[PDB]
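Right, one structure below, let's go through it.
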Amino acid sequence: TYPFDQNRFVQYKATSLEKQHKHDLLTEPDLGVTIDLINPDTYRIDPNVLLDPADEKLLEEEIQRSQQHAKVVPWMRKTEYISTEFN
Amino acid sequence: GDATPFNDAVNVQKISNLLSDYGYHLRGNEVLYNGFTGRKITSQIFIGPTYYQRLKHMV
Amino acid sequence: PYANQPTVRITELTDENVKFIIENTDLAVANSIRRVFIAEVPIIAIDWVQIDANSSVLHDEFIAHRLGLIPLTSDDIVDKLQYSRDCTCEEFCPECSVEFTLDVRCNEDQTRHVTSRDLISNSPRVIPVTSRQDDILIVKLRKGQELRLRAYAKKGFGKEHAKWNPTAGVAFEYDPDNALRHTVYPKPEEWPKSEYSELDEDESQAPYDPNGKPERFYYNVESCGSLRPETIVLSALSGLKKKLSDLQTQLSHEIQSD
Amino acid sequence: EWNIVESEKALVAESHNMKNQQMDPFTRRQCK
Amino acid sequence: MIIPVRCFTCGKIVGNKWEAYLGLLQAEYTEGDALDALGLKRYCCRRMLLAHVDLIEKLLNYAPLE
Amino acid sequence: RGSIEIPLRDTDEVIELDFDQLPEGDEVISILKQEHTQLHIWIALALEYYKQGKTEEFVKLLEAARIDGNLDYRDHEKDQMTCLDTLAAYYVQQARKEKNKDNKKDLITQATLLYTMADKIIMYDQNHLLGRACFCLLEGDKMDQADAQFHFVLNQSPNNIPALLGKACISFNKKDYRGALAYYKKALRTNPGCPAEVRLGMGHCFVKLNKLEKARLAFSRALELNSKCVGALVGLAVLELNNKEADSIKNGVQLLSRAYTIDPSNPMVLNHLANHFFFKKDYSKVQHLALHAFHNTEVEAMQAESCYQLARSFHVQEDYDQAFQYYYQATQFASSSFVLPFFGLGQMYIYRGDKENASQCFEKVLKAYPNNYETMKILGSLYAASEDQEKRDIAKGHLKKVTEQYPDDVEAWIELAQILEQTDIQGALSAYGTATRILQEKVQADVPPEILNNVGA
Ligand SMILES: [Zn+2]
Ligand SMILES: [Zn+2]
């Protein structure tokens, strides 16, 4: 046999695997939001609400393509129809 | 499209690379199902829009 | 010695098209249903045009032809009507037709867009597709030109004239990956992937599967608006089933009478 | 008007695409 | 003469889309986005609006009366 | 507000006391009971004690209010139930942030006794179902029961946002982010009053399903409103840990040194400061912070990683005795968390010649995903010798992964030919041919006799 080295340490190292791990945010079992109905001392229900376009975008789930229609392509023109004003 | 005769900015590789951006076979070929049986034709048919003329010689 | 037991899986359902998957069926059954969606599902369409006054720039039959191709809302009514050729009436019946009426005169100075708005139906349900987006342009009239006609819509199916075809386009597909080698690519990597391809971006086509049938037929039935895209399907299954029932009847007569 | 705009901003691409003249399928005469 | 009612190939209604298509060319669109915004996916239906020459506009100049 | 009037027996509403100073909560129960003040001023003064940032006086002054329910208030039972509602909801709210002198059950048993007495006057109200639903989150069971009790608040009188928010936390526990995301939308439209940044839980579900453009946008607003919240800042640290070659200063200073000085009792920022210092070869603080990141946490997700950091810092120091027990606790606490604890016990079981169990623990590494580093682990600790296809098949499939890729392979071709001597004799020869020349590029080193002897064999 060949005396292969026993992998008793880390020398690759495993830095490529530990940094890619997405650790979940479990700071509070209620997902960082207190579930209660007594604490809401203050309110923002009155007209001309405190809100921002940054907040507005966050209300949607998923809304956020084929961009090549508007390519130059020097060998491709545009179309022409029937006016009532010409030579 | 532009089909001027002697253009040389137009060739078939160039058209082909364009064609392949729309999700087609680069050469204009397609995979046809047979209309009677529904089975794929083992040959890939060349298919695309071409301008056709009706001539005055009706039967 | 008996039938296979198919399973259905609707992937996409809109008011314009249906995407569904049929599993565990023969290639022939899966295609014959496609033929029936196109040619053998009934719809209501204009098929009789009586032109009273036509002063437009087009012909007489041009008007009538364009009226033929306008889709009519059929779902609730089409499985009630007699075919025209089967109604006892000496002319037309509400049981065998829906009556239409176009009366348009350009009086104003501007040009008149004769649209499907102008087609006035006697039945409130069998209208052109206006309910809930512009309208099918029939003609354009000038200052003093007009168009008066009455029209009738009857039941028919796409085997007669394309006007009775309920579909935009039926997208049939099977075996997205070339597993059967039903098709033989000269260069299998020049080929883009199917919508349905259960394949990675490394390999080009599935490995050859010697013993194996088509299943998993991928459909994309697109309505012309004349029916709901999911009614086209229930109707075609019922149409094909009805042709076979009829066939069996005729068969049984042939058998016992020999 | 937009075809005038389109055709001038497109054909300058034959001056800008300077790095890769390589592809085959086109020829031209070179006499004497 | 006048935009067909249906794509000859597939059968999709394109008859209602011509005014809208010219309206999307009153906006600054490429024809490729005009066709897309109207929802014409197939290269059959897309030919109908690209290729339609509107001659009814010229025939309308030949007034009968007034 | 800050100076309210207290009713008296003669010429009431003439005395006011300032709320800026911090008085004793023992004399308040007497001054409100010698003059026979109405029940409304009790809750009115309680909220002003909670406005100053004091969670203890608000729950202690309202405890003695059960005795003086209806003495002479002429049928004032409605305000009494509203008082006891706080003693049935703030107990469960304070049980999660327990101190070091109290336990969990010490606040659970007080939240269960007075809740039955709260339902004697009015039952099944706007907030009474909130207590029954949140009772299940504290024990970790009966998830369907808590969701069915939260749905009842929409059909009785849903006059608040958090009235509905409770179902999304239960949808989150069953790994349903589609059902939770839809319910978190309603949270932002009203923009309700909550010091907890209700947007925080929304930004937590934006982490999944590849919405990195969304989660940042959630955290940012949260940071602008109140910088006191660390739950909006450490998330961006976890969103930025993947970039190890780019944006390192923001990830060790702006996202790790700021969250630590503002809130040092957090095991998440302590775990992340430890693993960041581990790459900089500063092990003197990793083991100091990981002991403090371990004793204050309760859920099994943070403690398995805190033990894993300790055994990783002990492994690199040739200290496997203390690190072996930490690697076992990392898998005994939380096994389905990540693949790291299974791989640490695999490389650990190599010690003391107990490499039998390293194969059993390394088997669960492939079930998630293979790795170019895990393939050589079982190949080195391969117990397959001959006519043993239960263990030689894994070595062949591991060797096919190192054969294609080139992570400076030096002994990979030796282990290739060491299996192929029983199989086709040309395969071992092809591996020795390339293994003979691969041992010459690093240095001028002659080939050891053990390879030339076997290639000639
Ligand atoms: Zn009739
Ligand atoms: Zn078409």
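Descriptive notes on the structure:
- Some residue of region A:49-69 being within 14 Å of chain E (Cβ to nearest Cβ) and surrounded by 13 or more Cβ atoms within 10 Å (Cβ to Cβ): yes
- If you go through region C:159-196 and keep only what is in a loop (DSSP other than H, G, I, E, B), buried (at least 20 other Cβ atoms within 10 Å of the Cβ) and under 21 Å from the mean Cα position of the chain (by Cα), you end up with C:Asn165, C:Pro166.
Here is a yes/no grid of residues against (1) touching a strand residue (DSSP E or B) at 6+ places or on another chain (Cβ under 7 Å); (2) more than 16 Å from ligand 2 (Cβ to nearest atom); (3) of a type outside the set (D, E, K, R):
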position: C:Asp103; (1), (2), (3): yes, yes, no
position: C:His113; (1), (2), (3): yes, yes, yes
position: C:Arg117; (1), (2), (3): no, yes, no
position: C:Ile120; (1), (2), (3): yes, yes, yes
position: C:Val126; (1), (2), (3): yes, yes, yes
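- Condition met for F:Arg132 (surrounded by 17 or more Cβ atoms within 10 Å (Cβ to Cβ) and of a type in the set (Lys, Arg)): yes
- Screening C:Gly144 with (1) surrounded by fewer than 17 Cβ atoms within 10 Å (Cβ to Cβ); (2) at positive phi; (3) more than 14 Å from chain E (Cβ to nearest Cβ) gives one miss only, at (3).
- Only residues that are among the basic types (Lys, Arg) and either surrounded by fewer than 19 Cβ atoms within 10 Å (Cβ to Cβ) or farther than 30 Å from E:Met1 by Cβ (or both) were counted in region C:43-90, giving 2.
- Entry remark, region E:1-15: residues being out of contact with any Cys (no Cβ under 9 Å at 6 or more places or on another chain) and within 14 Å of ligand 2 (Cβ to nearest atom) number 4 in total.
- Subset of region E:29-50 (residues that are more than 15 Å from A:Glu80 (Cα to Cα) and among the acidic types (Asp, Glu)): E:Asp33, E:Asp36
- The residues of region F:199-215 that are in contact with a helix residue (DSSP H, G or I) (Cβ under 7 Å, 6 or more places away or on another chain), of a type outside the set (A, V, I, L, M), more than 7 Å from every other protein chain (Cβ to nearest Cβ) and buried (at least 16 other Cβ atoms within 10 Å of the Cβ), listed by number, are F:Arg199, F:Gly203, F:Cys205, F:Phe206.
- Being under 14 Å from A:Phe4 (Cβ atoms) and in a helix (DSSP H, G or I) is a description that does not apply to F:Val455.
- When we screen E:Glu28, E:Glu66, E:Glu57 for residues that are within 12 Å of chain A (Cβ to nearest Cβ), more than 16 Å from ligand 1 (Cβ to nearest atom) and assigned to a loop (DSSP other than H, G, I, E, B), the only hit is E:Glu28.
- Options C:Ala53, C:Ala39; residue that is over 22 Å from C:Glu160 (Cα atoms), small (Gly, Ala, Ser), within 14 Å of another protein chain (Cβ to nearest Cβ) and out of contact with any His (no Cβ under 9 Å at 6 or more places or on another chain): C:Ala53
- Some residue of region C:112-124 being surrounded by 15 or more Cβ atoms within 10 Å (Cβ to Cβ) and farther than 26 Å from C:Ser55 by Cβ: yes
- Residues being within 14 Å of chain B (Cβ to nearest Cβ) and of a type in the set (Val, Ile, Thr) - total across region C:175-230: 2
- Matching residues, region F:1-22, being within 45 Å of the chain's Cα centre (by Cα) and surrounded by 12 or more Cβ atoms within 10 Å (Cβ to Cβ): F:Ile4, F:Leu17, F:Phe19
- Among the residues of region C:55-67, none qualifies, meaning not one is under 30 Å from C:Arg148 (Cβ atoms) and within 16 Å of ligand 1 (Cβ to nearest atom).
- In region E:1-25, the residues that are among the aliphatic types (A, V, I, L, M) and either within 16 Å of ligand 1 (Cβ to nearest atom) or away from chain A (no Cβ under 13 Å) (or both): E:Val5, E:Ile13, E:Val14, E:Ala20
- Any chance F:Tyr90 is more than 33 Å from the chain's Cα centre (by Cα) and among the aromatic types (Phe, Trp, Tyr): no
- Unique match (being in a loop (DSSP other than H, G, I, E, B) and β-branched (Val, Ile, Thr)) among F:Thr423, F:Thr434, F:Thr403: F:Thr423
Quick grid of which residues meet (1) in a loop (DSSP other than H, G, I, E, B); (2) over 39 Å from the mean Cα position of the chain (by Cα); (3) more than 13 Å from chain A (Cβ to nearest Cβ); (4) surrounded by fewer than 14 Cβ atoms within 10 Å (Cβ to Cβ):
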| site | (1), (2), (3), (4) |
| --- | --- |
| F:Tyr373 | yes, no, no, no |
| F:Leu382 | yes, no, no, no |
| F:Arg392 | no, yes, yes, no |
| F:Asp408 | yes, no, no, yes |
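- C:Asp134 in contact with a helix residue (DSSP H, G or I) (Cβ under 6 Å, 6 or more places away or on another chain), part of a loop (DSSP other than H, G, I, E, B), of a type in the set (D, E, K, R) and away from ligand 1 (no atom under 16 Å from the Cβ): yes
- Test: residue in region C:102-109 that is away from chain E (no Cβ under 13 Å) and not charged (D, E, K, R): yes
- Entry remark, region F:424-436: residues being closer than 17 Å to F:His398 by Cα and out of contact with any helix residue (DSSP H, G or I) (no Cβ under 7 Å at 6 or more places or on another chain) number 1 in total.
- Among residues that are more than 12 Å from chain C (Cβ to nearest Cβ), touching a strand residue (DSSP E or B) at 6+ places or on another chain (Cβ under 9 Å) and surrounded by 11 or more Cβ atoms within 10 Å (Cβ to Cβ), B:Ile47 is included.
- Of all residues in region C:69-97 being within 11 Å of ligand 1 (Cβ to nearest atom) and not in a loop (DSSP other than H, G, I, E, B), the one that is farthest from the other protein chains (Cβ to nearest Cβ): C:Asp86
- Those residues of region F:285-318 which are more than 17 Å from A:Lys13 (Cβ to Cβ) and of a type in the set (A, V, I, L, M, F, W, C), in sequence order: F:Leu289, F:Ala290, F:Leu291, F:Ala293, F:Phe294, F:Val299, F:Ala301, F:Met302, F:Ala304, F:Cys307, F:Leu310
- Boolean, C:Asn107 is within 16 Å of ligand 1 (Cβ to nearest atom) and surrounded by fewer than 16 Cβ atoms within 10 Å (Cβ to Cβ): no
- Residue match in region A:19-27 (condition: more than 23 Å from the chain's Cα centre (by Cα) and either of a type outside the set (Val, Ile, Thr) or part of a loop (DSSP other than H, G, I, E, B) (or both)): no
- Of all residues in region F:271-288, those that are over 17 Å from the mean Cα position of the chain (by Cα) and part of a helix (DSSP H, G or I) total 10.
Values quoted throughout were computed directly from the atomic coordinates according to the rules given, and no laboratory measurement underlies them. Positions of Cβ are backbone-derived with ideal geometry, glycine not excepted, and every protein chain shown enters the neighbour counts.
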